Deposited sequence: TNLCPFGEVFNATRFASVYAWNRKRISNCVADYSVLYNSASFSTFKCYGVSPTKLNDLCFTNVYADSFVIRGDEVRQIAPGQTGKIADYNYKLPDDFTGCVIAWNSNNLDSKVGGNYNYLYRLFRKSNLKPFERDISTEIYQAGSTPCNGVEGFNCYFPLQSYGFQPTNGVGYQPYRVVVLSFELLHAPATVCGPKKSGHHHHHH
């Protein structure tokens, strides 16, 4: 049975960073590394398992996460580093065994006046535990005075929408990220 890789890579509409998408991969024979030849992905770094003998191995289980980041945050999708993307939106464990893929989507997720449909968390009260998703749009309490649900002085909205005009530098360009994690179980994925 072929794997539905086009349902994740070639999906019509894509998730934000604070609300990253998810897709479970099982019961298929998967053609890894044939994607490596395609020129769209500007990053195909893999950890623990070399990206060449992927086809010669089988894993009990595979996890796929799809989201959209900007520019100078592709280096943030990796183990062992800090920052607004890594500490508040998506954190990776130090003992990561999988791959990281990202490609440019200039003509899809960017418009001249700005595509404000992509969000990311910039406020948080604690760091992001490895492999955690934060969806709460509750107002962050920055000072001693309680926010009480009204956003104003020392009371700011936790999310900020990516500005994202195509006329800006590619350090702000769309970069659709696809993360695969590799873990009994049946034949699983091979």
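Novice: Numbered from 1 along the deposited sequence, what ranges are absent from the coordinates?
Specialist: Missing C-alpha atoms (numbering from 1) occur across the ranges 1, 185-186, 194-205.
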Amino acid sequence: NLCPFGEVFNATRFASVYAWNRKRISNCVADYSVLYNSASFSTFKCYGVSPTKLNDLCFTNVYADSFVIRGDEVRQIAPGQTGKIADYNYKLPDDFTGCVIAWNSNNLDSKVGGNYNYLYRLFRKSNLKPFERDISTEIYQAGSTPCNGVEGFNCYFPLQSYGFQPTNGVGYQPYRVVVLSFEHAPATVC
From here on, numbers count along this sequence of modelled residues.
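Between two forms, the rigid core is defined as the largest C-alpha subset superposing within 1.5 Å.
Novice: May I ask which stretch, 135-143 or 28-36, sits farther from the shown form in 6 other deposited structures of this protein once every structure is superposed on the core, judging by RMS CA distance?
Specialist: Output: 28-36, the stretch lying farther off on average in 6 other deposited structures of this protein.
Novice: So, in 6 other deposited structures of this protein, taking the root mean square over structures and residues of the Cα distances after a rigid core fit: is 117-125 or 47-55 the more displaced stretch?
Specialist: Relative to the shown form, the greater RMS C-alpha distance in 6 other deposited structures of this protein belongs to 47-55.
Novice: Quick check: 29-37 versus 131-139, which has the larger average CA B-factor in the record?
Specialist: The recorded data point to 29-37.
Novice: For the C-alpha atoms alone, is the average B factor greater in 168-176 or in 17-25, going by the entry?
Specialist: Of 168-176 and 17-25, the stretch with the higher C-alpha B-factor average is 168-176.
Novice: Going by the CA temperature factor in the PDB record, which third of the chain does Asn89 belong to: lowest, middle or highest?
Specialist: Lowest third of the chain for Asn89's C-alpha B-factor.
Novice: How does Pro51 rank on Cα B-factor within its chain, lowest, middle or highest third?
Specialist: Highest third - that is where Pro51 ends up once the chain's C-alpha B-factors are sorted.
Novice: Could you place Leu119 in the lowest, middle or highest third of its chain by Cα temperature factor, using the values in the record?
Specialist: Its C-alpha B-factor, which the entry lists for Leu119, ranks in the lowest third among residues of this chain.
Novice: Based on the entry's values, in what third of the chain does the Cα temperature factor of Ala64 lie: lowest, middle or highest?
Specialist: Lowest third.
Novice: Please place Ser144 in the lowest, middle or highest third of its chain by C-alpha B factor as given in the entry.
Specialist: CA B-factor rank for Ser144: middle third.
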